[PDB]
Amino acid sequence: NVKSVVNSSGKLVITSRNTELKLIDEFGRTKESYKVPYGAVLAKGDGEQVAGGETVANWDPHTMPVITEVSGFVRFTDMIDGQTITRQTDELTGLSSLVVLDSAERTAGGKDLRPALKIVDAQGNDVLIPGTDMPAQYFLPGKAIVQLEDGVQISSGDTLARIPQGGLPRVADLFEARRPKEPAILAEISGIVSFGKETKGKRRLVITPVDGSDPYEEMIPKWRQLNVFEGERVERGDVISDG
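Method of determination, as given in the entry header: cryo-EM; reported resolution: 2.6 Å.

S.K.: What's the story with the overall build of the chain in this structure? I'm lost.
M.R.: A count of helices and strands for the chain gives 1 helix and 18 strands. Here the C-alpha coordinates of the chain stretch approximately 60 × 50 × 45 Å along the principal axes. Within the chain, the fraction of its 243 residues that count as buried is 23%. With 29 positive and 36 negative side-chain charges, the chain shows a separation of 6 Å between the mean positions of the two kinds.

S.K.: Where do I start with the sheet that holds strand β12 (residues 144-146) in this structure?
M.R.: Whether parallel or antiparallel, the strands of a sheet pair through hydrogen bonds between backbone atoms. Strand order in the open sheet formed by 4 strands is β8-β9-β12-β13, with antiparallel pairing between adjacent strands. The outermost strands of the open sheet, each flanked by one partner alone, are β8 (85-86) and β13 (161-162). In terms of strand pairing, strand β9 (residues 99-100) meets β12 through 2 bridges, oriented antiparallel. Counterpart to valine 99 in the pairing with β12 is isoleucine 145.

S.K.: Can you walk me through the packing of aromatic side chains in this structure?
M.R.: The description of an aromatic ring pair uses the distance of the two centres, along with the angle that the planes make with each other. A complete count under the given rule lists 0 aromatic pairs for this structure. Across the ring face of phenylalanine 195, the terminal group of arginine 203 is positioned such that the distance to the ring centre comes to 4.5 Å. The positively charged end of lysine 222 is found above the aromatic ring belonging to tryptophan 223, 5.7 Å away from the centroid.

S.K.: Is there a simple way to explain the pairing of strand β3 (residues 20-24) in this structure?
M.R.: One face of the sheet, then the other: side chains in a regular strand alternate in exactly this way. In this structure, β3 lies alongside strand β4 (residues 30-35), joined through 5 bridges in antiparallel fashion. The residue bridging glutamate 20 from the neighbouring strand is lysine 35, located in β4.

S.K.: Looking at this structure, I do not really get the layout of surface pockets. What am I missing?
M.R.: Sizing a probe to match a water molecule and rolling it over the atoms shows the empty space that remains. By volume, the second largest pocket is sized at about 930 Å³. In this structure, the second largest pocket is lined by 32 residues; those nearest its centre are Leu21, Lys22, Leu23, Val50 and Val56. Listing elements by their share of the lining of the second largest pocket, those giving two or more residues are β2 (12-14), β3 and β4. By residue number, the principal contributor to the lining of the second largest pocket is β3, which donates 5 residues. Partitioned by chemical class, the residues of the lining of the second largest pocket number 14 nonpolar, 8 polar and 10 charged.

S.K.: Help me understand the environment of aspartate 46 in this model?
M.R.: Mapped onto the elements, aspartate 46 comes out in the loop between β5 (41-42) and β6 (57-58). Note on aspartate 46: relative accessible area 80%, which makes it exposed. A C-alpha to C-alpha distance of 14 Å links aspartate 46 and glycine 10, two positions 36 residues apart in sequence.

S.K.: Even after reading the chapter, I still don't get the side chain of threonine 84, so can you show me in this structure?
M.R.: Within the secondary structure, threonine 84 is located in the loop between β7 (73-77) and β8. Not counting the four nearest positions on each side in its chain, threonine 84 is found in contact with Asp78, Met79, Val100, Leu101, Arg106, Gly110 and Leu113.

S.K.: Even after reading the chapter, I still don't get the side chain of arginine 106, so can you show me in this structure?
M.R.: Assignment of secondary structure puts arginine 106 in the loop between β9 and β10 (116-120). Although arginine 106 is buried, it forms no salt bridge, and the closest oppositely charged side chain is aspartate 102 at an N-O distance of 5.4 Å. In terms of polar contacts, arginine 106 uses its side chain to reach the backbone carbonyl oxygen of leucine 101, at 2.4 Å. In this structure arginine 106 touches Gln83, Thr84, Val100, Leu101, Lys111 and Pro115, once residues within four positions along its chain are discounted.

S.K.: Just checking my understanding: could you explain the pairing of strand β16 (residues 204-208) for this structure?
M.R.: One ladder, built from 4 bridges, connects strand β15 (residues 192-195) with β16; its direction is antiparallel. Bridging from a neighbouring strand, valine 193 pairs with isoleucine 207 of β16. Relative to strand β17 (residues 217-219), β16 is paired through 3 bridges, and the arrangement is antiparallel. Pairing of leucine 205 across the sheet is with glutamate 218, part of β17.

S.K.: Sorry, what's going on with the sheet that holds β16 here?
M.R.: An order of β15-β16-β17 is seen for the 3 strands of this open sheet, with the pairing classed as antiparallel. Since the sheet does not close on itself, it has two edges, and those belong to β15 and β17, each with one partner. Across the sheet, the mean angle from the axis of one strand to that of its neighbour is 25 degrees, orientation sign disregarded.

About the criteria used
Residues numbered from 1 in each chain as written, not as in the entry; some residues may be left out. Part of a larger assembly, values for the part shown. Heavy atoms only, no water. Helix = DSSP H or I, 4+ residues; strand = E, 2+ residues; numbered from the N terminus. Buried < 20%, exposed > 50% of the residue type's maximum accessible area, 1.4 Å probe, protein only. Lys, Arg positive; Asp, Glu negative; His and termini not counted. Charge placed at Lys NZ, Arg CZ, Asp CG, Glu CD. Pairing = 2+ DSSP bridges. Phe/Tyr/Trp six-rings, centres within 6.5 Å; stacked < 30°, edge-to-face > 60°. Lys NZ or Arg CZ within 6 Å of the ring centre and 35° of its normal. 1 Å grid on protein atoms, 1.4 Å probe; cavity = no way out; pocket = protein on both sides within 12 Å on 5 of 7 lines; lining within 4 Å. Points joined across faces, edges and corners; volume = space filled by probe spheres on them. Nonpolar A, V, L, I, M, F, W, Y, C, P; charged D, E, K, R; others polar. Contact = heavy atoms within 4.5 Å. Salt bridge = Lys/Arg side-chain N within 4 Å of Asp/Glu carboxyl O. Polar contact = N/O pair within 3.5 Å; in protein donor to acceptor, adjacent residues only side chain to side chain. Axes fitted to C-alpha atoms, helices over the stretch in contact; angles between N-to-C directions.

Structure below.
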């Protein structure tokens, strides 16, 4: 379950959360199984051969990575200063740009407007993502600090922005079938995912199947950091919020 692409450095970076790495001898028996996180850097490719004590993956879990599949110019859409974003500059480092204000922090005018960044070519046309027809458009959540200013070319794997991050009773709970704290959110059915009403008590989400039950929707609180992608299809065996 690997969904990888070749970065600008020539290495292979996996964009699938459910990727498993197996060390299988010539006899066909799997001996070691590891998990490769999203955005990791693979020194070697699938099907190759490595020796013992050799690093094969490297990732950065300190800050969540947000990257663009395509490479090209970035243009800011629905970016109005003082209504949806703020101008904050570091006093010491000097490497900072506009920061995406949260809905509860911005003004009333920018509440109904969703800021986003779109990827275009040298001609200004929206570069269609390979394999799909949708334009290369990506929304930015709250507390997002865009790293590169408008009109600067990027490459695959470039960060768009940075946001901040047993015993007997255990057996008794397992045999009593008690729901844990922070229940992991999973998709009930497969299909595309989209947003709905905002700040109506709690946020809502809509799952539109390809040929299934469209009107299904699920209420999800907006205070919990979700990890869904409305621009990507999600299967029923997918993790929406980790836990």
